[PDB]
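Asks: Below you'll find the structure I mean.
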Amino acid sequence: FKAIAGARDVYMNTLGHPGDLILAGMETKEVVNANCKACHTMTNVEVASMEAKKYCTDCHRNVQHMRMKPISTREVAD
Amino acid sequence: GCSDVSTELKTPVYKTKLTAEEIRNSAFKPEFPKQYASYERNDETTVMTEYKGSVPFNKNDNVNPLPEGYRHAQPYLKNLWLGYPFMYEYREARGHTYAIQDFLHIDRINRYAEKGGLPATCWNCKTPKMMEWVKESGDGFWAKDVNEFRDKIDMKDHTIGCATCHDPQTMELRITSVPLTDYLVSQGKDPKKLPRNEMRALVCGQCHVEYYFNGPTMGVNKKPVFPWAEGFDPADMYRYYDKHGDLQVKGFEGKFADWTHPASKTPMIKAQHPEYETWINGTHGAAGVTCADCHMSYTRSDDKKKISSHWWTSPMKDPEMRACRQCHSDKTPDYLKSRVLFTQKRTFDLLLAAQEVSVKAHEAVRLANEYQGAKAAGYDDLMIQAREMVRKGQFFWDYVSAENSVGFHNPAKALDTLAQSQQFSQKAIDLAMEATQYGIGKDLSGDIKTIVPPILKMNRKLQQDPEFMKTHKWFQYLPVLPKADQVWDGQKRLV
Amino acid sequence: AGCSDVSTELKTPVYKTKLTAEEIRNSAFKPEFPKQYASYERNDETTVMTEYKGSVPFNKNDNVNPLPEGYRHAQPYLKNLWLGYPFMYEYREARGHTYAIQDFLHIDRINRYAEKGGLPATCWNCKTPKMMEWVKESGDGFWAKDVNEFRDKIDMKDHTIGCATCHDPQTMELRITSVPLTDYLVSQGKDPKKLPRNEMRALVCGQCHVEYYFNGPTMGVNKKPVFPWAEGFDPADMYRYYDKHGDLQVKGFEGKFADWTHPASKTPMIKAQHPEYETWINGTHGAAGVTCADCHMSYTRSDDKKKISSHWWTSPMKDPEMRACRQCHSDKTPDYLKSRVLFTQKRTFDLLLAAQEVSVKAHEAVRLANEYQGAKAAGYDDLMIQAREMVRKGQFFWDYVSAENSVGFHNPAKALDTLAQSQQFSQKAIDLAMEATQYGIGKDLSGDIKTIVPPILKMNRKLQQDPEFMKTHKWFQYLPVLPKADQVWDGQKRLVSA
Amino acid sequence: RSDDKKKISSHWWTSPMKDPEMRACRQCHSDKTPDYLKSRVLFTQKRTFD
Amino acid sequence: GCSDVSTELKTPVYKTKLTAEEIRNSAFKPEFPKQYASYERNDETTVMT
Ligand code: HEC
Ligand code: HEC
Ligand code: HEC
Ligand code: HEC
Ligand code: HEC
Ligand code: HEC
Ligand code: HEC
Ligand code: HEC
Ligand code: HEC
Ligand code: HEC
Ligand code: HEC
Ligand code: HEC
Ligand code: HEC
Ligand code: HEC
Ligand SMILES: CCCCCCCCCCCCO[C@@H]1O[C@H](CO)[C@@H](O[C@H]2O[C@H](CO)[C@@H](O)[C@H](O)[C@H]2O)[C@H](O)[C@H]1O
Ligand SMILES: [Ca+2]
Ligand SMILES: [Ca+2]
Ligand SMILES: [Ca+2]
């Protein structure tokens, strides 16, 4: 995974042209989500929290890199 | 090496010791004491928020202190529901544990006769005992008198509870509602195979909805129906009620009415708690955020393990707004509160102003109906049109007033609906003045509160008093009721 | 392959230019900042429309003619409601900053048929960085000069809204060059030179995209621009401000502010102008600190792989991919985002038109009550004062929404609430005027308002010279026939001699 | 934990029972529900007042 | 390998811009807006237990 992910990230940073929006693929949404469960099983054991929302971050939205905060708290010109 | 993730996350599966037809709440308490403890929190009936809360005050009363009245009340409710059971009693909604207790204390149901004068459909959203009763009487259940089942139920063990939403054996979520199942079928939806995010609103959409009862020629007499065929917005429901109904009045043929207002003589629609239809296309609803997300939020109260809160109440009762703060973890609780109030303050003010123009619309139509001067050549067709606008005006403000969030579920739909309500009501006034060549103008000059005072007191008992029935000029459109002793006090017959 | 940790301080990139302290020419910034400049040049696109907005500068009152003259969503009653005010002559949809001076010099609101424009030089205030030289040269006496005095003293492309408006030309740090905004900041005890970055990312826009007024001769420096912000940002707050500040001597309105007296109803009116800042500040995005720049100057990685702030200031809806929005709302499709914008806009725009209609009818009712020949009610004089107060209040409330450019999206609940209240006020004006005349005017108010008072589609300074055109609508009787006159000014070009 | 999820010290000096979830108490008494804790408070206060 | 605990727990130290004799509450609000916003909750005077 690390090798394949590293390969395409190196390609996009050198010979590719990334857009204005950088977003995660299905592959990485599914590995991130499985890791939420790996470290937080015990909070969630008695509850059907995997059933309504597809991903844990559909409720824990700011775990996705504080995306709801104003741009200036996150971003500057290159 | 190895993982010490020895405990794996699995969706919980249940197999209880209960029978397939268990409906007693107490029967679930041994199996599920954590969720049952949560459910008992609904007994709290002392706490107010800014606009809502769990004290059952009288909704028209801004004169008396709590628990009789409140600072945010709608003074004109009895006036606007003249000749309808809501002119007798109408209180702020409180916890699910009180549903039958409150049902059995309410003056909307006649307690001064054996018969209540309301259908057994009134039990529809109060008790899982609805399953036995319909199994037993079928289609004939609905048109029975409400008071027939008044002494055949346990106020506490049979209120809204576990079997309302849960299969007792598996604990999987269930729709037990007749009218909601009817609606789902009509959309080609399988009520037993609904996705989970949809279930987490539909369970509430069994009851927190606008509904009407069939008339004798509409299908099964008195069966409950959700008027959702045209869509969910007020204009859609309005349109639905133009097409389905049984009225024979000139200008209103085939339309639905819940009653006709005895002052204005307008065929009226009553709206009731349309939370589902309001929620579904508001900013949270349309974004897949659900009743259970805010009102049944996960609470880490079992050591630190989540359970689902079964305390269905105002999310504002938690000063730390914990329901909101995973999605809005970047915002403080007080920021979130100020944003709810930004909506609620404006919704509520606009509502009182919409209800005042509605009272004036009724009063203008009343004056034009009883006018002795020279009328316009198109008087009859103008009075039909004025009544159509009183009717539509009232339905629009009522769709908002009846909804329990004071605009928060759908800020834009609520504010817009009230803005439109004003327009329709004012147009009723305009047509009523045109019909009489402005002859009623002199009678419509003041502050409306002076020419039609708010009716603070009205109950079934007081309507028996012939001298009280002289204390307001709108009381002359109502009959003085026969002297009658209370028959029922809760579940007891009186001797 | 890489070693040191990220810094959390988010240090902005630092610049040192070859430009002098007081450089204001846009072209002087091109050599050092070609990416931001090329993005700035995108404001030239004047063909694209959205549902309610876009860049075609059509006539805002015209729902009759096709683009570029009219549009399907236009407000037909604007010339009626602005009768006797320069806005009745021409009022177009706003477009790119690069056209600001060009559009200023072609507008019929400024008199081009005399030496004097009839408007103060304050009109240049939010048009050009030349304001700095001009105020330095004349000071307090700048504001009350005639607008046409500077007409020939500007480069229409090099001196439009550009880099020096928001940037120090030496260091390119965000700057507030606005006089009235600085006056406001100082009144709040803030240092304009030391504001946080997230504040500045909205304040640079708040230099211009605001409600303002000009001082009367006894209100302070004559014709000086002032933001009526002291009571708060809401419509009710500004209205209250205008009750306490001003110079009317008219009975019932003593000391209130007025922009004009509507010649038909004889009501002293306030005019509202594009209050984007005041609307945004307490909306769902602004209250959350999401700034004008978050959605209007979104980060773009177009050249190389290096991101710059977009300096194409336009409708975010033009982007089929809605990228600006999805920097935050990454879980929403562009399609869902547009539908939630329209959820607000459609309702706002429909309620606006209805508010304007009842406003027109309130002017008509008061006009008829004013001219009424039958027996008047005993409290007539007091009732007419109240009626005109309600006309004035009602109109300021719809104008506040009407003038604001997001059609309710910047602050959905404020927009709809303000429009709902507007309608209440105008209706009460109608009610009071009826009462004043014992309902004797009732029969004159009976139809659809569109046939009682027809919309005024055509009006300009040339046509008001024509006495035969001036019999074409009932409300024209309240306006003078203007002297016959040749055009003095054609843009920057003088046609007749001084 | 109100600044994102970082702790601050509450400077709201008031009744701890205003919080229905009794979070001031539930680190030391994590094995007890908010309801349980509240009843133990009232067990004392009601006898104290009477 | 290396630890990724790059942020180490330290007891906060503070050096403000205020004077030794400062007593105005409003003066503290710029430097500590979180604790100040907390302090403002004491304005709630409607809730009983
Ligand atoms: C030292 C003895 C402590 C103390 C006082 C706490 N921690 Fe931990 N912790 C870790 C993770 C991944 C979780 C979440 C588990 C889940 O989501 O299911 C927690 C949880 C807590 C809590 C809340 C739960 C509770 O039991 O009260 C608290 C109060 C808490 N911690 C404090 C991770 C780690 C560690 C990493 C290997 C270590 C070491 C600790 N925790 C140790 C402690
Ligand atoms: C997917 C399976 C997950 C995972 C891994 C976690 N959640 Fe949630 N969560 C929700 C709410 C309302 C709370 C607050 C409850 C309370 O305050 O008492 C939580 C809490 C957590 C935590 C504790 C974090 C903390 O702030 O201390 C953790 C580690 C956690 N969750 C992990 C709400 C939701 C959802 C909304 C419907 C969903 C879906 C999830 N959680 C799912 C998950
Ligand atoms: C799904 C369709 C529903 C249903 C059936 C209800 N809600 Fe909500 N709700 C939310 C907030 C912030 C309030 C205001 C609370 C207050 O003013 O104190 C409400 C209000 C209610 C009520 C009235 C509650 C009362 O105190 O009596 C009811 C009966 C109700 N709702 C039912 C928050 C939310 C949501 C968060 C975004 C969502 C989603 C819902 N509600 C959805 C629903
Ligand atoms: C801060 C960075 C901003 C933002 C986000 C906007 N402006 Fe302005 N603006 C000004 C003038 C005079 C016009 C009209 C020009 C003309 O019609 O000739 C505008 C126009 C706009 C638009 C409309 C663009 C479109 O394509 O439709 C937009 C989206 C916009 N502005 C946003 C005046 C000024 C200033 C005065 C000097 C300043 C500073 C700003 N604006 C700043 C901003
Ligand atoms: C900060 C206070 C500002 C200023 C000065 C402006 N905006 Fe916005 N804007 C946004 C959206 C979705 C629209 C609607 C566009 C459309 O319907 O096509 C607008 C509209 C405008 C305009 C009018 C644009 C035009 O075509 O003339 C102007 C001048 C304007 N805005 C300026 C989006 C946002 C935001 C995202 C949440 C934020 C924040 C702002 N705008 C803030 C501001
Ligand atoms: C004339 C065409 C120019 C040039 C050459 C530049 N600007 Fe601006 N700018 C404005 C705002 C609010 C920002 C964001 C600042 C922040 O996030 O802290 C910027 C950004 C810049 C930069 C910095 C690099 C970047 O691209 O982010 C540079 C070099 C730059 N601009 C150059 C606001 C405005 C305006 C206000 C209405 C105006 C006018 C301009 N910028 C115009 C120009
Ligand atoms: C008035 C408005 C303020 C402000 C701005 C601050 N304080 Fe207090 N404070 C008190 C105690 C006992 C603590 C914990 C101390 C400890 O255990 O070490 C604090 C904490 C703080 C902090 C530190 C950060 C944090 O949240 O822990 C800060 C920055 C702070 N305060 C600012 C006690 C009191 C009082 C006793 C009655 C009063 C009054 C205040 N604090 C008032 C304020
Ligand atoms: C928050 C407001 C509360 C509440 C409601 C209670 N506690 Fe505590 N507790 C702590 C310790 C050390 C003891 C003595 C027992 C021991 O030595 O372990 C207690 C005792 C109690 C009781 C039992 C006595 C009684 O009055 O019935 C009860 C009901 C109780 N507590 C409730 C420790 C702590 C804390 C750690 C610093 C904190 C915080 C609390 N307690 C807070 C609360
Ligand atoms: C778990 C708590 C995370 C850690 C640690 C880091 N990231 Fe993350 N990342 C996380 C989530 C939940 C998401 C969204 C996934 C989805 O379902 O959409 C992301 C996403 C990204 C992205 C791009 C997409 C975006 O939304 O910004 C990048 C480039 C990324 N993550 C990289 C990244 C790096 C470099 C991290 C270390 C500094 C890192 N992530 C930590 C969750 C988590
Ligand atoms: C019918 C069987 C119902 C279902 C299913 C749900 N609700 Fe309900 N709710 C119902 C009634 C008859 C009442 C009032 C009863 C009374 O005694 O007054 C209520 C009340 C509420 C309240 C108010 C609680 C309070 O103010 O303390 C809320 C917040 C509420 N209901 C929410 C709610 C939610 C989120 C539901 C879905 C899970 C739900 N209810 C289901 C009837 C019925
Ligand atoms: C009392 C004086 C405390 C000491 C000493 C420490 N913690 Fe704490 N912690 C305390 C409270 C009252 C709370 C609740 C915060 C809230 O908003 O609910 C917490 C919380 C935590 C948590 C989050 C646990 C959870 O509820 O999910 C963690 C992980 C935590 N505390 C850890 C922690 C550590 C490592 C401490 C030593 C430095 C520590 N706490 C001290 C009270 C007190
Ligand atoms: C996730 C499941 C959420 C929960 C729980 C709550 N909200 Fe929310 N919120 C959510 C979304 C998806 C949106 C739309 C914006 C977006 O990111 O797509 C919002 C929006 C708001 C707003 C602004 C809109 C408004 O009407 O003012 C507010 C003020 C807001 N939300 C408050 C709020 C409160 C008080 C909640 C608990 C009672 C709450 N939200 C829950 C996602 C989620
Ligand atoms: C800042 C406080 C301003 C002052 C003072 C004046 N104008 Fe303006 N103008 C400003 C903005 C933010 C915009 C775009 C927003 C909008 O709704 O138009 C404009 C637009 C114009 C236009 C073009 C659009 C049009 O109305 O046809 C013109 C021709 C114009 N402005 C001229 C003008 C005049 C005559 C002024 C004095 C009375 C004046 N402006 C003042 C900002 C500001
Ligand atoms: C109004 C509907 C409703 C009623 C009434 C109701 N529940 Fe629930 N219940 C739900 C919903 C929704 C969930 C979460 C569903 C999901 O995510 O699968 C839930 C969850 C649960 C769970 C799963 C564990 C958890 O905490 O999430 C149990 C067990 C449970 N309820 C038991 C009960 C008991 C016991 C009662 C009676 C005291 C009851 N329910 C009453 C709607 C209801
Ligand atoms: C050349 C001879 C080779 C023999 C090995 C001797 C040299 C290598 C040992 C270097 C000493 C550091 O050893 C290193 O300590 C840190 C703790 O700070 C551990 O770090 C571990 O705990 C921290 C939390 O405390 C986590 O953030 C981390 O994910 C985890 O790996 C490393 O996993 C361990 O490898
Ligand atoms: Ca309630
Ligand atoms: Ca109904
Ligand atoms: Ca435009």
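Chain A residue numbers are taken from Swiss-Prot; in order, the displayed residues are 81-158.
The deposited model was determined using X-ray crystallography, 2.3 Å.
Cβ atoms here come from the backbone N, Cα and C positions, even for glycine.
Copied straight from Swiss-Prot:
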REGION    A:123-158  region 'Interaction with NrfA'
BINDING   A:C136, A:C139, A:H140  heme 4 binding site
Asks: Mind running the binding-site residues A:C136, A:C139, A:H140 against ligand 16 and keeping the ones whose CB falls under 6 Å of it?
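Replies: Qualifying residues: none.
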Asks: List the same-chain residues at least 6 positions away in sequence whose Cβ sits under 8 Å from the Cβ of A:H140 (heme 4 binding site), in sequence order, or say none.
Replies: A:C116
Asks: Where does A:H140 (heme 4 binding site) sit in the DSSP three-state scheme?
Replies: coil
Asks: Given the binding-site residues A:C136, A:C139, and counting only Cβ atoms in the protein chains shown, which has the most within 10 Å of its Cβ?
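Replies: It comes out as A:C136.
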